[PDB]
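**Student:** In their complex positions, the first chains:
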Amino acid sequence: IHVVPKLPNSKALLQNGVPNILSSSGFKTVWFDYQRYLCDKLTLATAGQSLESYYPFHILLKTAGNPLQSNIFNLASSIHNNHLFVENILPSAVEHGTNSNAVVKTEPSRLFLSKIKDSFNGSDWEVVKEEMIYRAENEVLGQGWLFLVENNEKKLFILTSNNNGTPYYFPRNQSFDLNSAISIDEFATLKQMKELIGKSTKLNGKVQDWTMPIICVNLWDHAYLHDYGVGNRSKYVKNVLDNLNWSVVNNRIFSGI
Amino acid sequence: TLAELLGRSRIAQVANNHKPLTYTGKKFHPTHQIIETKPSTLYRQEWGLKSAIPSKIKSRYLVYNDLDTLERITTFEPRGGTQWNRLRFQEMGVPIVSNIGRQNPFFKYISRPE
Amino acid sequence: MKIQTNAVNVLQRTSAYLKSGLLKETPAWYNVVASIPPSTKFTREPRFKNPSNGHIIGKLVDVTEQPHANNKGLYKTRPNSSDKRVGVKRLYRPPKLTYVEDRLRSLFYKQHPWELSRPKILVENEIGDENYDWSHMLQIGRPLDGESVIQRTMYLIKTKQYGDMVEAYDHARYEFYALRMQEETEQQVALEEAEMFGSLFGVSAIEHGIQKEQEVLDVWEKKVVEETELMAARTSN
């Protein structure tokens, strides 16, 4: 059985929500309700099978290449992504419930701001945030996820997913919406991706992708509607990126010590 | 009691089957329940049967008749291939239709003495 | 094999060694075994009830208990030959455990042969943790399968909502069909929706089968050719 993880300072979260982003009702929808909804569906889908003993991140990797397990993949991807989003927007990862700590001033580290300049042609963090808000509004028509990811070449770049798209495995990033029209450049990217997946010799037709997320923003209606409303998702993404917990985001960047 | 627990055990859930494990006639549908073991349990020859399955077996799927026999072996075949036939049918997305136009057996229809 | 005596009396044989002086020092196990005596009866024990179905073992129905005529229309006035044979052996033979659910399980998989193709894991997690409310078929912790139907049928007959087992079974079967149809659609739609957002898959199930069949059909091609050439030479004789 997959159970909803306990969050630090949960009593505060159920009373005052997440300050500057979500209210108490908004956080109950995104985490206490939706995370319960996802975990229960995952348990029903995976109970009695070998996947029941694996964590959601491992389930999505195991099932990423199986077309008829997409339902399990979607549930595992959503569960992992939601706790990636709830973790970097959380007031404090440490449990100051008995310490009553009200001073958590987290700021981008030097390694993060050095990789931002290197990967974005000298752009500042503030400018990159504006590009992230723009990318979300023009690339994610409906539900999806906004990620700041790091690849095998030490370069930070921006990835957007439609519905439950994993950042780890490029064949399942779901960054192109094929319901609408696509340019020849987008079709080239899809055609090149298909060729890479066909070069793999494995009988499971799986490739190696070492991309890892650094920041996760939930773009689903379960996270913003109640507090911002239809059409105000760009005001929601702005608040999230301005109130990130950088103790978690800094720890996601590999240092090598 | 122990008897109540046993009746609901996972081994009890598998219906008794003595059909030949090696059948050379016409096969139209699955005849044996596929048993699956997780990778961790396979590493320890644990399948939830009475005895350890020989380490030579690398598949994670088998079908069996008897938990134990007078020959002191389990009667099993290390195959689970009827599941792939079902999943390949699902991938072809062709619904099964009645050539006689009978009522759908999976719906509780109000039938009459016609 | 003979009932052994020397394995359970190690304490008494050791005590003779110590009392005589043949063994100077008391062994470390000596005190422990003395405080926890071994069981040394090794007897065959009678049993008077089948724990599975509660059938009484060892009860003889006397002719006084059969006053009415039988199915043949005859009264029973004297013990029959079976009543006059000592039945001590039945007291000691391990009772055959039987369950009504076993009959339904065989029926379910005879009616739905392809449910057998859904892999089942026999490895238990923890039987003591199962907190199931069989008012509904779905349960957190276990898959939807034939056993879900059987347990639902038993709950219906146990709550007396239905009287005949067949009626309870049919009611449970339809609940099972509804849940199976909702899952077959969630999987089809999830695949369709993913492809519409740019999901790519290396090998499909149909493709996997074609590749495996090719590997076998290639070895078969070689052997056929070889055995169609030995025949030609051998037949030439």
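**Tutor:** Great, that's in hand. Numbering: from 1, shown residues only, chains lettered A, B, ... in the order given.
**Student:** Can you give me the distance of the one residue sitting closest to the centre of chain B to residue C:207?
**Tutor:** Among the residues of chain B, the one closest to the centroid is residue B:33, at 1.1 Å (CA atoms, centre = their mean). As judged by CB to CB, to the nearest Å, residue B:33 and residue C:207 stand 27 Å apart. For the C-beta atoms, the positions are set from N, CA and C on the backbone; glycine is no exception.
**Student:** Ok, residue C:39 next?
**Tutor:** 63 Å.
**Student:** now residue C:126
**Tutor:** 39 Å.
**Student:** Looking at these two, which is more packed in?
**Tutor:** The neighbour count for residue C:126 versus residue C:207, taken as other CB atoms under 10 Å in any protein chain shown, is higher for residue C:207 (15 against 7).
**Student:** I'd like to know how many residues surround the residue in chain C that chain A sits nearest to.
**Tutor:** Closest approach between chain C and chain A, counting by CB to the nearest CB: residue C:202, at 1.9 Å. Residues near residue C:202, counting by other CB under 10 Å, number 23.
**Student:** residues in contact with the residue nearest to it when sequence neighbours are not counted?
**Tutor:** In this structure, residue C:202 finds its nearest non-sequential neighbour in residue A:205, 1.9 Å apart by CB to CB, 6 or more residues apart in numbering or on different chains. For residue A:205, the contact set (CB atoms under 8 Å, 6 or more residues apart in numbering or on different chains) comprises A:65, A:197, A:198, C:201, C:202, C:203.
**Student:** and whatever helix or strand the second one lives in, what does it pack onto?
**Tutor:** In this structure, residue A:197 is located in helix A:184-199 according to DSSP states H and E. Packed against helix A:184-199 by the contact rule (3 or more CB pairs under 8 Å, 6 or more residues apart in numbering or on different chains; DSSP states H and E) you find no helix or strand.
**Student:** ok, for whatever residue of chain B ends up closest to chain A, nearest residue in space, not its chain neighbours?
**Tutor:** Chain A sits closest to residue B:38 of chain B, with a gap of 4.5 Å, by CB to the nearest CB. Take residue B:38 and drop its neighbours on the chain: the residue closest to it by CB to CB, 6+ apart is residue A:50, 4.5 Å away.
**Student:** burial of residue C:122, as a residue count?
**Tutor:** Counted with other CB under 10 Å, residue C:122 comes out at 19.
**Student:** interface residues of chain C facing chain A?
**Tutor:** C:119-121, C:138, C:140-145, C:186-187, C:190-191, C:193-205, C:208, C:211 (CB under 8 Å from any CB of the partner chain).
**Student:** Which of the residues you listed fall within helices?
**Tutor:** If you go by DSSP state H, the residues of chain C next to chain A have C:186, C:187, C:190, C:191, C:193, C:194, C:195, C:196, C:205, C:208, C:211 in helices.
**Student:** coming back round to it: what's the most distant pair in the contacts of residue A:205?
**Tutor:** Using CB to CB, the two most remote members of the contacts of residue A:205 are A:65 and A:198, lying 12.6 Å apart.
**Student:** If you drop the residues flanking it in sequence, what lies closest to whichever residue of chain C sits closest to chain B?
**Tutor:** Proximity of chain C to chain B (CB to the nearest CB) peaks at residue C:122, 2.9 Å away. The shortest distance from residue C:122 to any non-neighbouring residue, by CB to CB, 6+ apart, is to residue B:48 (2.9 Å).
**Student:** Identify the residues contacting the strand or helix carrying residue A:60?
**Tutor:** If you go by DSSP H and E, residue A:60 is part of helix A:56-63. Contacts with helix A:56-63, where a contact means CB under 8 Å, 6+ apart, come from A:2, A:42, A:46, A:51, A:54, A:69-70, A:72-73, A:75-77, A:79-80, A:166, A:168-169, A:172.
**Student:** next one is chain D, place it on the structure:
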Amino acid sequence: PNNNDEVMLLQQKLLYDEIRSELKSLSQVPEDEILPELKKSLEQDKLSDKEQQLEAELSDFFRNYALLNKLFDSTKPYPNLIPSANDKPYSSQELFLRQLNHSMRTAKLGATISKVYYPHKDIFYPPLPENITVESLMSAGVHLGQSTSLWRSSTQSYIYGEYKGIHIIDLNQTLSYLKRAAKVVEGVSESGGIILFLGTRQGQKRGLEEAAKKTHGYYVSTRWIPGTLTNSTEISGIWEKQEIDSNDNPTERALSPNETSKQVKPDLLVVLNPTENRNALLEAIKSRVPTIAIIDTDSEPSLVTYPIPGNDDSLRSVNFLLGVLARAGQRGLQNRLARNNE
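**Tutor:** Putting chain D together with the chains above:
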């Protein structure tokens, strides 16, 4: 905040590589190109008061730490990683360490797993004998006996019934016998006795080794040499013995050859597969060594002091019962080491 500290080192590390690379460049150049021109410069140069300072400061600095020194004497994790340049992509080793970082923090986000059986936990987290239930024994498969065709009718009193062509062992009796056996292991461990765990079926070694380790006991997983107990001087005399205190610490006292040839008999023998170890059981009887064994429906109960009715063919059932006995021994050992402290 303190990244600069590491940056200061890397700077030196880069400089060191530059110095070494061009030290090797000058090792190829012929001496005729450099030496005569170099000497000529000195022939055309005049030393100054300062130049002379280093003429003798370096002579001593090189006559102290290079010539008149002792050539020998009479970052902690992964200290041999060769980091890649900040412009170059991650190396294969760095990607492995980058993945290990992810595995500790992120890889387990989203859900926790409850009520799922993990095989390794039977060995490393065995339950205490008082917390064992019929359900737990049944979950491990301990109730699954042999085929009714292979019945050894001397086990009749342990049988609960027959089901699916096999005899079902009565777990209510298994629990009582297991508790009794566990108390014996605890007693012998608390008394300082030698506990030997014998099991020769494939896969049992891991359970056997951990059981011996946590009880400070001994194990045999490969083969029981016939005569190990009755012919001990011809088989085990050559192997080394040691003296230990009440805390099980080696005293370090050298042992007289008289003390190193004496038979060292186990105080308690635990046998996982007694049907294949008749030799060991008969030697234990001959040597008055109490024994514990798992007794399946085709196994003779009277051959052991403390039988445990149970399935002996499944590694889960065996490792479950072995784990309980091993933890019972551990508690006895911990109670003996505690009474010594206080």
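**Student:** what do you get for the contacts of helix A:56-63 once chain D is counted?
**Tutor:** The contact list for helix A:56-63 (CB under 8 Å, 6+ apart) reads A:2, A:42, A:46, A:51, A:54, A:69-70, A:72-73, A:75-77, A:79-80, A:166, A:168-169, A:172, D:106-111.
**Student:** Check stretch D:6-13 too.
**Tutor:** residue A:257.
**Student:** rewinding a little: narrow the contacts of helix A:56-63 to those in helices?
**Tutor:** Counting by DSSP H, these place A:42, A:46, A:70, A:72, A:73, A:75, A:76, A:77, A:79, A:80 in helices.
**Student:** As CSV, those with distance to residue C:165 and neighbour count would be great.
**Tutor:** Below are those laid out as CSV (distance: CB to CB, whole Å; neighbours: other CB atoms under 10 Å in any protein chain shown):
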residue, distance to residue C:165, neighbour count
A:42, 35, 25
A:46, 32, 23
A:70, 39, 26
A:72, 35, 23
A:73, 40, 27
A:75, 37, 30
A:76, 40, 32
A:77, 44, 31
A:79, 41, 29
A:80, 45, 30
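**Student:** Quick one: residues contacting the residue of the stretch 101-250 of chain A found nearest chain D.
**Tutor:** Closest residue of the stretch 101-250 of chain A to chain D, CB to the nearest CB: residue A:153 (4.3 Å). Counting by CB under 8 Å, 6+ apart, residue A:153 makes contact with D:89, D:90.
**Student:** go on, residue C:117?
**Tutor:** Counting by CB under 8 Å, 6+ apart, residue C:117 touches B:30, B:34, B:82, B:83, B:85, B:86.
**Student:** three-state assignment of the residue of the stretch 101-250 of chain A closest to chain D?
**Tutor:** When classified by DSSP: H, G, I helix; E, B strand; the rest coil, residue A:153 comes out as coil.
**Student:** And it, how far from residue A:145?
**Tutor:** With CB to CB as the criterion, residue A:153 and residue A:145 are 22 Å apart.
**Student:** again, but for residue C:119
**Tutor:** Distance from residue C:119 to residue A:145, by CB to CB: 32 Å.
**Student:** which of the two has more neighbours?
**Tutor:** Set side by side, residue C:119 and residue A:145 show more neighbours around residue A:145, with 29 against 20, by other CB under 10 Å.
**Student:** Show me what whichever helix or strand that one is part of is packed against.
**Tutor:** Secondary structure from DSSP H and E places residue A:145 in strand A:144-150. Other elements packing on strand A:144-150 under the criterion 3+ CB pairs under 8 Å, 6+ apart are helix A:125-139, strand A:156-162, strand A:212-218.
**Student:** which of the contacts of residue C:117 sit farthest apart?
**Tutor:** B:34 and B:85 (11.3 Å).
**Student:** neighbour-wise, which of these two wins?
**Tutor:** Using other CB under 10 Å, the more surrounded residue of residue B:34 and residue B:85 is residue B:34, with 19 against 16.
**Student:** so who does the more buried one touch?
**Tutor:** Here residue B:34 is in contact with B:61, B:62, B:63, B:80, B:82, B:83, C:116, C:117, C:118, C:119, C:120 (criterion: CB under 8 Å, 6+ apart).
**Student:** From residue C:187, how far off is it?
**Tutor:** 19 Å.
**Student:** Then residue C:14?
**Tutor:** With CB to CB as the criterion, residue C:14 and residue C:187 are 68 Å apart.
**Student:** And those two? Which one has more around it.
**Tutor:** residue C:14 (21 against 18).
**Student:** got a list of what whatever residue of the stretch 1-150 of chain A ends up closest to chain C touches?
**Tutor:** The minimum distance from the stretch 1-150 of chain A to chain C, using CB to the nearest CB, falls at residue A:48 (2.8 Å). Contacts for residue A:48 were tallied using CB under 8 Å, 6+ apart; they are C:120, C:121, C:142, C:143, C:145.
**Student:** Would you mind listing what in chain B touches chain D?
**Tutor:** B:2-3, B:5-6, B:9, B:11-12, B:16, B:40-41, B:43-46, B:48-52, B:55, B:66-70, B:72.
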